[PDB]
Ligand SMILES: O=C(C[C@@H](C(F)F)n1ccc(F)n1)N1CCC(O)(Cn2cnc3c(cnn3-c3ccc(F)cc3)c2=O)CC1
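Taking the form solved without this ligand, here's one chain by itself in structure tokens.
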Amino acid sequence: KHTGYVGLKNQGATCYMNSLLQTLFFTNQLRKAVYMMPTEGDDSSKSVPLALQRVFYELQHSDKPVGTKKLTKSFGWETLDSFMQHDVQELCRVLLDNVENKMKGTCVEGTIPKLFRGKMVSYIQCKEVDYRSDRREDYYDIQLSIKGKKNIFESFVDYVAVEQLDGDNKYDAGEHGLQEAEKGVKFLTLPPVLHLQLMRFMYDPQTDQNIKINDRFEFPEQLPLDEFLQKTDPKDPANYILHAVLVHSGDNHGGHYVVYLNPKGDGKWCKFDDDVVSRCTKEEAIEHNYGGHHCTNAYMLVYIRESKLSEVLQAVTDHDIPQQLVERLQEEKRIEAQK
């Protein structure tokens, strides 16, 4: 290997799956916690947490491309088009719901929200009566609008812009009746690991079909977000570092999926294209994926908070894998090897 990292097999139209798996694998802090999960009493092809432990172990250890058949079987997306029916954030919620669920009542409880959960305030403010409604809202990922948007900064501007509730569409202000009002969101916190989907694939917009937008959309290596926070912290600015770029070539139907990562967070990028992993330029991982006027562009970005980068990407050793886990896998390997 000229990269030191191994790829994942092409085993069907799994689309964004391999890309997402590498992205999660190189979230070292997540990966260590996953190894710690008590799975001894689980059924191999019925347990998502165990299946993920298998894939991570193999990605950490194998010199050969890693298979995912037991993993897809474990969360039940086994059909020809089962991945074409969903999107990357849905797969992501399935995987890490299953994982956080399993982590409840164990020594690594709380790992997932610690890494991925942020807080927003959602507000509704009546224009002409003293009524306002403020809610805490948690999120684990952010879907950013890109149509008509030149870059990530304006997607965020659009995200937190005020929506007007009037005309036909007045707000039901309960005791106050129908009322004109303003509705919006403000960021309270941003998580150590920030998952941003770029809404290139969307909608049934006067077509009653799903399309892919291939227009140019720029994102930076370094992403400052303090501006969008309701309240700022001097000792922890919301500066974010680009970790992964999930890429699609093609359009609203077919197409090829790859991911660019700089696993150590040092600006040294690799391209993961299923079983082929290769070192690439920064330019190829970043600007080359702005798209525009190819059909080869980013639909998801992973950023890590700069203050948390060293810890999120803490080194993993083979010792971080408990022996009991090592034995169940090794024995599985042994059975399989009679084939």
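Only the largest set of C-alpha atoms that superpose within 1.5 Å between the two forms is called the rigid core. Position 1 is the first residue in the sequence shown; the rest follow in order.
- In the other compared entries of this protein that model both flanking residues, residue 69 has coordinates in every one, well short of a third left out.
- Of the other entries compared for this protein that flank it with modelled residues, all give atoms for residue 267, so not even a third lack it.
- The question of which stretch, 170-178 or 76-84, has the higher mean Cα B factor is settled in favour of 170-178.
- Judged by mean Cα B factor in the deposited record, 126-134 ranks above the other of 126-134 and 113-121.
- Highest CA B-factor among 249, 155, 197, 106, as stated in the entry: 106.
- The PDB entry gives the largest Cα B-factor of the residues 234, 184, 192, 224 to 234.
- Split the chain's modelled residues into thirds by C-alpha temperature factor. Residue 253 is in the highest one.
- In this PDB entry, the Cα temperature factor of residue 263 sits in the middle third of its chain's modelled residues.
- Ranked against the other modelled residues of its chain, the C-alpha B-factor of residue 316 as given in the entry falls in the middle third.
- Ranked by C-alpha B-factor against the other modelled residues of its chain, residue 217 falls in the middle third.
- In the PDB entry, residue 202 places in the highest third of its chain by CA B-factor.
This next part talks about the form deposited with this ligand bound, which is not shown.
- The binding site of this unliganded chain is blocked: after this ligand is superimposed from its pose in the deposited complex, three or more of its atoms come within 2.4 Å of the backbone or C-beta atoms.
- Among heavy atoms of residue 251, some come within 4.5 Å of this ligand in the deposited complex.
- A residue is said to contact a partner when one of its heavy atoms sits within 4.5 Å of a partner heavy atom; residue 197 meets this definition for this ligand in the deposited complex.
- For the chain shown alone, residue 261 is not a contact residue for this ligand in the deposited complex, no non-hydrogen atom being within 4.5 angstroms.
- Proximity of residue 87 to this ligand in the deposited complex falls within the 4.5 Å heavy atom cutoff.
- With respect to this ligand in the deposited complex, the three residues 35, 70 and 330 uniformly fall beyond 4.5 angstroms at the level of their nearest heavy atom.
- From the list 262-270, 122-130, 224-232, 199-207, the contact stretch for this ligand in the deposited complex under a 4.5 Å heavy atom rule is 199-207.
- With the partner omitted from this view, the residue of 26, 299, 303, 56 that lies near this ligand in the deposited complex is 299 [heavy atom within 4.5 Å].
- This chain appears without its partner; in the deposited complex, the one residue of 189, 179, 143, 239 with a heavy atom within 4.5 Å of this ligand is 143.
- Only one of 249, 143, 252, 239 has its C-alpha shifted by 2 Å or more between the shown form and the other one once the core is superposed, and that residue is 252.
- Comparing the forms between the shown form and the other one, the C-alpha position of residue 78 differs by less than 2 angstroms, with the core used for superposition.
- A displacement of 2 angstroms or greater separates the C-alpha positions of residue 205 between the shown form and the other one, with the rigid core held in common.
- Relative to the displayed conformation, the Cα-Cα distance from residue 153 to residue 205 grows by 3 Å or more in the deposited complex.
- In the deposited complex, the Cα atoms of residue 23 and residue 253 sit 3 Å or more nearer to each other than they do here.
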